[PDB]
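Rendered as structure tokens:
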């Protein structure tokens, strides 16, 4: 069962926060701070409302070592 089918989801009215993951069209994205409600691709420059994540699952290997 998918790692990316248990992620939180965004709500259209809600202003989003620091980089938790939210999902849409069964992929995810990550907000940095308050959103623009614009496309992320076009905002791939100056200001970063939300990042468009290339993957769904987190990367292999874990630099955090469970302290």
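Residue numbers (PDB author numbering): 1 to 67. C-beta: ideal position from N, C-alpha, C; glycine also.
Unbroken beta strand (DSSP E) run spanning residue i, endpoints
i: residue 30; result: 27 to 31
i: residue 21; result: 21 to 24
i: residue 52; result: 50 to 52
Assumed close pair residue i, residue j - CB separation to whole angstroms, cut-off 8 Å
i: residue 100; j: residue 29; result: This structure cannot settle anything about residue 100, because the visible part of the chain is limited to 1 through 67.
From the options, residue whose alpha carbon lies closest to that of residue i
i: residue 1; options: 24, 57 and 17; result: 57
i: residue 4; options: 44, 67, 41 and 53; result: 53
i: residue 55; options: 12, 10 and 26; result: 26
Cutoff 8 Å; reference residue i; Cβ partners in own chain excluding five residues on either side
i: residue 35; result: 15, 16, 49 and 50
Same chain, Cβ closer than 6 Å to residue i, five either side skipped, listed in chain order
i: residue 7; result: 21, 23 and 28
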